[PDB]
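Laid out below as structure tokens are two forms of one and the same protein chain, each shown alone and named structure 1 and structure 2.
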Structure 1
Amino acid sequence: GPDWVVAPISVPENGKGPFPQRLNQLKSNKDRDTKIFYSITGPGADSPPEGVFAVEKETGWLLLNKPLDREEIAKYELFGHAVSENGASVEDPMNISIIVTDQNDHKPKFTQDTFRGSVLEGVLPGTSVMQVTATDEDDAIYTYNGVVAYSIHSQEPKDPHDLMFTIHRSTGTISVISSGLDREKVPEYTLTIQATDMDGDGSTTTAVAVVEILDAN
């Protein structure tokens, strides 16, 4: 490409290296008759987090010094500088954008350890009981890394039967699917709920929802 220009640079988080890793070689056309010293400034270089990026003074290689974490900082905006050996700036500072792209490195996290809800004993099958939620810090815009699917792992007790409830795989709303709820017989159920990223193909996190059965009064 042309000298003293750089399009956005993408770097997946959690790279293996080796570090320091070359990202791009800065070059000023003024090097044709002059020795140039390159430098970088900006958050990530000379201000917090300091020293994540560096530039080789004479070669102009922009380096990444460690693996990045998209959930800490998703984008860096740095400036490249070119100064002659005599000490004169020979270019206007150049904007360097570093875009940290995602990896699926977070499991879903339920918003509560115990969700508590209730439902009347005589409701029609299909009646909504309550809603549970799990977030996922990963990207859900370009991939399914941050897209959660819900499921019910188990119900306690299994009375009158095994599965009295279901859950909406994307909204987390729990509904009644069977008849037979009766506060006098079984006043409470404990549902083991799961949230799985990659829209159900990834890693799973478990929590519980406790459902109180209310008297028809």
Structure 2
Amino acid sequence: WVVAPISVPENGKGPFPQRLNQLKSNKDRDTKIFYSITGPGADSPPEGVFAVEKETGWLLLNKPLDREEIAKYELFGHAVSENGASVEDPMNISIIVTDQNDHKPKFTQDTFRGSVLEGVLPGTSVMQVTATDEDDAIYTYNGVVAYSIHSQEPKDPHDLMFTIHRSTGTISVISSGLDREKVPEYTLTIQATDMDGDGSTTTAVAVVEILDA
């Protein structure tokens, strides 16, 4: 009588009630055992997320889960005989809620305003843009943002004047040849894509003022 942690993906579709694991007492070899569960998610708030089949030991999930609401549950299993006597010590039941990509990346600002001097060499840091994602960035790529430049306005002298660091969001000059009198302002369409570039995209603007030498 011991149970391994239970792993359940959030936003599940059951069908409900969904069997998770069967609790079983070795003492059932001689008498009939009755199972029960207690704890937050079972008999205490949020009540009824989990239930157990009294006569079989089957642990049940009663609804879809939300990792960003509750990521983990700690419950207790109890095994009693018909005489009301406990046949086992309480069993710790851990239920881990695994992540789904249910949040889109969000830029901290719609417009980011930065500046750089006209006589700068390639590799010079311009400004740092930021995007956040509520999903998990540790065990999954759901919370992992990948930064990119979609377009540059204007394309004078050429389209690829700037670069953005894929993970930091730091904008850098990649080509020399900037001039305030020629082009004083650049409107960079910048993107943040979750799942490290394979998920959803969000767009913001980086406005770069070219300062006179």
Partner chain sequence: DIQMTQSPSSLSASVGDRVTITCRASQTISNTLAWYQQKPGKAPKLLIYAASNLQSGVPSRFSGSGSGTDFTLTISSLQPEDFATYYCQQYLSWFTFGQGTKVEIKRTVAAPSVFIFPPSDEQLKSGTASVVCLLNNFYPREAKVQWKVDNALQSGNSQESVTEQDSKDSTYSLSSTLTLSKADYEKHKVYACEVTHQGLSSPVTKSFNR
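When a residue number appears, read it as a position in the sequence of structure 1, where counting begins at 1.
- As summarised for this chain, the first structure is the form solved without its partner chain, and the second is not.
- Considering the chain's movement between structures 1 and 2 as two rigid blocks, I213 travels with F110.
- Once the larger rigid part is held fixed by C-alpha superposition between structures 1 and 2, the smaller part shows a rotation of 17 degrees.
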